[PDB]
Ligand SMILES: COc1cscc1-c1cn([C@H]2CCC(=O)NC2=O)nn1
Ligand SMILES: [Zn+2]
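Protein chains in written order, with PDB author numbering: chain C, 2022 to 2114; chain B, 71 to 210, 220 to 428, 437 to 442; chain A, 2 to 392, 708 to 1014, 1022 to 1112, 1123 to 1140.
What follows is the structure in structure tokens.
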């Protein structure tokens, strides 16, 4: 839950956007995971995950929202830079 | 529904609207919550009028102004059991906000004072000689306007000012001058498409000028349609350089580059796939714009053209898109499309705006 | 702020005149309307004998005489601009004379926009009803019957929305109207019957007919002819039930006929006047039948001569015609059977003074006694002149110019006035322009012209059309003692002179005449070029000293602490006069309104536009720029403005009103320190063109501001204390309970601020004419007014006689 969840949701979201070239599928995987963060942590590992990754995860969503208005692919690349920074730190452990 | 002016009237407020609406601007709504269905249906059987709120400071919910919007269409889709109210409304009168109360159901009722629409008479009505009253009805173009001015403003000889000065405060002359300026930007402009009333004409023009939100607010603060027409005409003559809003000084395009590709004018409202609306101004040439990514024909607002994101060369702020033709026989092979919200009307080389 | 407004010279412009038998059945009367005044005379062949003159609380719009069946004399009907209707009767109790209100009542509607052609008031020939046309789409009817004291009326729906003129026909069994209206098909004449019982329009005696697309007036011809005459730009046509006759007289094509009067009671002869002073006579030639009936044989029009620009006309006994004139002096002319050695059948007998319209003016001490005299720019076109008013009470001298004066300023060091004037010229086949008549600008002792190759306009091809009127502007120098035109300087082609000032600048000893102009071209809506020309009067001629080119119209200029402050379009620019006799820009302040009006007191400047946008500025020496102290944007047509003091500003706004704006007292606030509260409102009933500081006399009242109006009325505004305003405000409510108003119009309803869609009671103003009327009443009535509020009749005699001394 949360660590392995966000980790497995970024692998699937990358396979949908980069591999299948489907923006809609990527947002479908990402949206529930972001909604979970909005609800808030209810476990120690959940709380520990919001302290180190939470801020980086909410900025990539803002960058996704900027793309949805502008239509600028570079805004999705800015979100994907933040998603990969968190993915690597999650993989470290 | 046109309520009395200078009187404090309570009007229901729509909770999901935080954008400045100009009197007579198309605002298609698509509500879904039952808290916004049992009130939209209550107004349909009473007065048919809700209040759109304007926030000077959107970040701190500071609302001190707004404009009413009469409901002129109703349609209710019974899709998947969930009631969806699909209503279209048009802006009627400007109002000022004084006190907004909060109810126990989920609606805010505010006591708003409608600011009067100051309809002045003709400048010659208080100085026209009684003998010449019968010469005011003109029987039923460059030389026609000379004779119109010479006959209507003949009695200006009784005052301290000439006839040409009174033409600068005449509604018919101002509207005709604006129409000529609009024709330069749109060769496909139809006269029947523009209202003949100076109140409606002024508000229609305010929603067509490529200007920032601050200027749109300034035009709505004006009470008389004559002053609003004059300010609109002054913007068209002085604010010739369009700059990036974030930079404030980086020029992007000029007034002489504005043209109308389609029959909706030079700055029509288009909706993106995600639902965001972009009042896009079309120009032939631009400066200080870098292209991001590759051309795409997906969801292209102009058929036969591909779009490529355009950004500020200095601050990297999104300005709009470049449109490249797919067929080599399309006359406007390449043109630009700029979102109004990204631009700042500027007076080049400091003069300001006149009312 | 509290002010006292009093009339110095009553309105002189004549807006209406009628003849009849109002005082008695055996006397021929001449009634003359002068805006708020009504004059009554008796025609006796030796001129006009003044009998009675009254003032009404309203702007006289309609004035007609009529004699109901039971009446022995004629009754007078008057409708005002504020829609106050009244039937009046002349009553003489041996020595005392009084105008009696037989009936009265306001006839305005709650809804309806004022008609395009204005108020039209007509009375049925057999006195069955009074027809009024006030709003487009309606025709108000006041039924004429004995017990209708409240002038109760009813409206009839009228389908034709654009009615130009309407009249009641003669010799009709039922009341019948005849009018001309315009629809997308053109102009047409139509008739309608009026049934009081039905309250509706029945079918008329003759069907609708087409007229000249420029048909403007209708004349109902009395019996034996009956029917109506339609007059247009190029045709005069007659119409009745079974006949029509049309003529196209080329002698009328030069100007539009705008006024008429019937000479013979049977309608055989009719005088007609145009916009340029030509007087004509229309003859209805008659072909009589064996049974006494008359048919219209033919129509003939003959030019008689030249009169002052006629607003209204009235034939009096034996060749004598009264000529009412809004733009020039009214006259009494004689229509001689034989023409003089010049060719005119018209000869002037008497001339009555008309200051109106007063476009500009100034106060000057000439005999050097201490008493100021007013010199105004009066009239227009051939009637244009200067009028010197001195302190029967007011002595007026006329200096005819035969062209339109516009601005005026006095130069003390040169003993001469500077006057901007304009004359109309017309293009000729030769290729240039020719003047219509000699005038001041063409009869000066010496003349000069402007030169400017540097001021060549780009978009102006100068391909002026043929037979087009062209306005030529000039600066005239007029001697203060002889009033002869010493010099005339013509400005550049297409150059419109706007502002004028005489002053010294910087360290230069020489006083200069400075003019602010604008380059006006038909193609350009707003002027993009202008000039500030400096002139020096030396050796009876005007020599240009400095010429500054600007990018806009120089609407106004003023001397500001040794510097020249000018208004170019929206900018208020200050200039310095360098030791090389040149203008140099010192600073610019860009405004958000058109700087038409520009006044200055001390270090602050008042800026205004045509839509009553008032903004105050202050020149900050440290900044070297102007700063906005306060502003009020109440949209309404403003004709004039003036600074009363540091925190009070008097103006004139639409619907003949005066207003005063006051600067807030800075009560621990900032948004109200920049807000100007309206403390004064008053309905003057006159259109003010110019305010002027000064006085015509040799201190309970503080300050003195004179003003000139379109109707030639001169007024005076002075400040009052807090205690003085409440006593005079109390005396007005007291005098209104006793003074009998003609038509029974309440003084509060007459002076209340009024516009087309707004009405408020008057505040911060004292009607000085009402206060001065207190002295002109009987001693027992004087005491009735001052009953309680201590203050005896005797004590309030020197109070009013003290206020009398101001003017
Ligand atoms: C498929 O595009 C997107 C994915 S996420 C946001 C967009 C988008 C597209 N546009 C504009 C681009 C110009 C145009 O002609 N039509 C549009 O709709 N604006 N935003
Ligand atoms: Zn930028």
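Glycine included, C-beta positions come from ideal geometry on N, C-alpha and C.
Alpha carbon to alpha carbon, how far is residue j from residue i? Give it in angstroms, no decimals.
i: residue 769 of chain A; j: residue 865 of chain A; result: 12 Å
i: residue 249 of chain B; j: residue 789 of chain A; result: 25 Å
i: residue 308 of chain B; j: residue 236 of chain B; result: 26 Å
i: residue 445 of chain B; j: residue 841 of chain A; result: No statement about residue 445 of chain B is possible, as the shown extent of chain B runs from 71 to 442 and does not include it.
i: residue 859 of chain A; j: residue 749 of chain A; result: 25 Å
i: residue 251 of chain A; j: residue 235 of chain A; result: 7 Å
i: residue 852 of chain A; j: residue 863 of chain A; result: 12 Å
i: residue 198 of chain B; j: residue 276 of chain A; result: 14 Å
i: residue 963 of chain A; j: residue 988 of chain A; result: 14 Å
i: residue 191 of chain A; j: residue 181 of chain A; result: 6 Å
i: residue 238 of chain B; j: residue 265 of chain B; result: 39 Å
i: residue 1126 of chain A; j: residue 1106 of chain A; result: 5 Å
i: residue 187 of chain A; j: residue 280 of chain B; result: 28 Å
For ligand 2, is there any heavy atom lying closer than 7 Å to the beta carbon of residue i?
i: residue 2064 of chain C; result: no
i: residue 396 of chain B; result: yes
i: residue 329 of chain B; result: yes
i: residue 326 of chain B; result: yes
i: residue 391 of chain B; result: yes
i: residue 366 of chain B; result: no
i: residue 363 of chain A; result: no
i: residue 323 of chain B; result: yes
Give me the chain B residues within the contact set of residue i, using Cβ-Cβ distance strictly less than 9 Å, ordered along the chain.
i: residue 1003 of chain A; result: 196, 197, 237, 238
Applying a beta-carbon distance threshold of less than 8 Å, which residues of chain B neighbour residue i?
i: residue 2046 of chain C; result: Those within 8 Å of residue 2046 of chain C in chain B number zero; the least Cβ separation is about 15 Å.
i: residue 2093 of chain C; result: 371, 372, 388, 390, 397
i: residue 163 of chain A; result: 207
Taking the continuous alpha helix (DSSP H) assigned at residue i, which residues delimit it?
i: residue 2113 of chain C; result: 2094–2113
i: residue 1034 of chain A; result: No alpha helix (DSSP H) holds residue 1034 of chain A; DSSP gives it neither H nor E.
i: residue 249 of chain B; result: Residue 249 of chain B -> no alpha helix (DSSP H), and no H or E assigned at all.
i: residue 1056 of chain A; result: 1045–1059
i: residue 2069 of chain C; result: 2065–2073
i: residue 1130 of chain A; result: 1128–1137
i: residue 230 of chain B; result: 221–231
Which residues of chain C have a Cβ atom closer than 8 Å to the Cβ of residue i, listed in chain order?
i: residue 355 of chain B; result: 2089, 2090
Kindly identify the DSSP beta-bridge partner or partners of residue i.
i: residue 316 of chain A; result: A/322
i: residue 1084 of chain A; result: Bridge partners of residue 1084 of chain A: none, in fact.
i: residue 888 of chain A; result: A/883, A/905
i: residue 194 of chain A; result: A/177, A/203
i: residue 716 of chain A; result: A/386
For residue i, which residues in chain B fall below 7 Å Cβ to Cβ?
i: residue 334 of chain A; result: What residue 334 of chain A touches in chain B: nothing, since even the nearest Cβ is about 18 Å away.
i: residue 838 of chain A; result: 225
Got a sec, what are the start and stop residues for the beta strand (DSSP E) residue i sits in?
i: residue 879 of chain A; result: 879–884
i: residue 375 of chain A; result: 374–379
i: residue 132 of chain B; result: 132–149
i: residue 2053 of chain C; result: Premise fails: residue 2053 of chain C lies in the alpha helix (DSSP H), 2044–2060, not in any beta strand (DSSP E).
i: residue 948 of chain A; result: 941–949
Residues of chain C with CB under 7 Å from residue i, in chain order?
i: residue 367 of chain B; result: Within 7 Å Cβ-Cβ: nothing; residue 367 of chain B doesn't reach chain C, min ~17 Å.
Under 7 Å: does the beta carbon of residue i sit that close to some heavy atom of ligand 1?
i: residue 994 of chain A; result: no
i: residue 339 of chain B; result: no
i: residue 411 of chain B; result: no
i: residue 345 of chain B; result: no
i: residue 2084 of chain C; result: no
i: residue 2101 of chain C; result: no
Going along chain A in order, which residues have a C-beta closer than 9 Å to the C-beta of residue i?
i: residue 302 of chain B; result: 949, 950, 951
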